[PDB]
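One chain comes next, on its own, written out as structure tokens in the form deposited in one PDB entry.
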């Protein structure tokens, strides 16, 4: 439901991070969140990443905010991972299932590293600092990508489902 926080004028923001959040948000906003926790966790993440684009520079009084942001992002990643596994378990399709399983392996690595990088960046709030930022932005972009890809493999996995199953993500478009 919620909207993407447009970048206000005279706002210091990591544009690479904001753009990638914007696109992850765009992909997810195509689906109603009703009956689909992956789509809801995706929207949540896009928004947290938008906030993090405002935190990398941030400056005074933003360390906790940054470490907390990374924390909530990781929590959302965990939920997306967990739901993708369950979707995969019931996928009949060999290829779709393989792809799905691939990301449920990648996402945890990325989210663990985002937490490490967020923290090492918080201790710096210079070349070294600037590198801490670039490492974080690179990682965050990998996260936005994996999640976008997860949204799509899981939507394709809802086309060909198992008959003996107890699980269902609802995939209904949102029309403007």
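Whichever C-alpha set is largest while still superposing within 1.5 Å between the two forms counts as the rigid core. Only residues modelled in both forms are compared. Positions refer to the first chain, counted from 1.
Missing here is the form deposited with a partner chain bound; even so, the following discussion is about that form.
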Contact with the partner chain in the bound PDB entry for residue 40, defined as at least one heavy atom pair within 4.5 Å: yes or no? no
4.5 Å heavy atom contact, residue 79 and the partner chain in the bound PDB entry: no
How about residue 55 - does it come within 4.5 Å of the partner chain in the bound PDB entry, if we only consider non-hydrogen atoms? yes
Contact check in the bound PDB entry: 48, 51 and 65 versus the partner chain, with a cutoff of 4.5 Å between any heavy atoms. Do all three pass? yes
Core-superposed, runs of 3+ residues with CA shift of 2 Å or more between the shown form and the other one span 59-61
